[PDB]
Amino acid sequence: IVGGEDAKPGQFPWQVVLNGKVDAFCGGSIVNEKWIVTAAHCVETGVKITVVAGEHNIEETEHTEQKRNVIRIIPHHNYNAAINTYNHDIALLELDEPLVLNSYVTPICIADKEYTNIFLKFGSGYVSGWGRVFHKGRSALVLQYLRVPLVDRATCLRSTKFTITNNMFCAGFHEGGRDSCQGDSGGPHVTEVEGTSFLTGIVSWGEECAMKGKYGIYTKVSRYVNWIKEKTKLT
């Protein structure tokens, strides 16, 4: 996250970090005690991955961390149907053992398709992660967060040569300086509705980070909430 602030412990208790052949390589959010939602481009291939919930500072111990192994990865079935487009950039991870929910480990809410879009169109969401804090720079030790405005589709389309599909949205500032970035992929874009946060987007891609005239591109979660609910049922 470029141009954000330090989170307080427990401020984003749905946020998790992913670790693998690279540490802190992506984020995710808690769907329920057994399931994380993240970006499909984070988990191409079946390399072994671990999830850490209740994480705050990734170089210190808070005694709130819960580490789990990933036993099943379900990228959306249309991800990579077309090469290099980031269309349908969303995936689910099943954990080996249930998370234990508490103040530091809490799911994000997920509304139906209609209300997820209504919440997105409120026009202001929070994004969070341990990704780069400068474009091509170092990663964060302390979880970062940033409020980003929704950007109108036409402006969105004009900002880039790359294709923005109806499964995506733009968010960020016209003057640049504040954005998500590499390492933040998979992290949740959330909309707060009278004290209760709902998942409205997933950090997916962009051109550099925080450049004036460019915006962060997010997976539009409203299009996928039916799929998330179908695949993450507990029994």
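The first residue of the shown sequence is 1; numbering continues from there.
So 127-135 or 88-96, which one's hotter by mean CA B-factor in the entry?
For C-alpha atoms only, the mean B-factor is higher in 127-135.
Quick one: higher average CA temperature factor, 152-160 or 110-118?
Stretch with the higher mean C-alpha B-factor: 152-160.
Looking at the C-alpha B-factor values in the deposited entry, which of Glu55, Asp184, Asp179, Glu194 comes out highest?
So the option with the highest C-alpha B-factor is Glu194.
Could you check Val31, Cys26, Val47, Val203 and tell me which one carries the biggest Cα B-factor in the deposited entry?
That would be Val47, according to the entry.
Using only modelled residues of the chain, where does the Cα B factor of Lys212 rank: lowest third, middle third or highest third?
Highest third - that is where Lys212 ends up once the chain's C-alpha B-factors are sorted.
Where does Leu141 sit by CA temperature factor within its chain: lowest, middle or highest third?
Its C-alpha B-factor, which the entry lists for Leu141, ranks in the middle third among residues of this chain.
Taking only the Cα B-factors deposited for this chain, tell me whether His189 sits in the lowest, middle or highest third.
Lowest third.
State the tercile, meaning the lowest, middle or highest third, of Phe198 with respect to the CA B-factors recorded for its chain.
Middle third.
Would you please rank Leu234 by its C-alpha temperature factor against the other modelled residues of its chain and give the third it falls in: lowest, middle or highest?
It falls in the top third of the chain.
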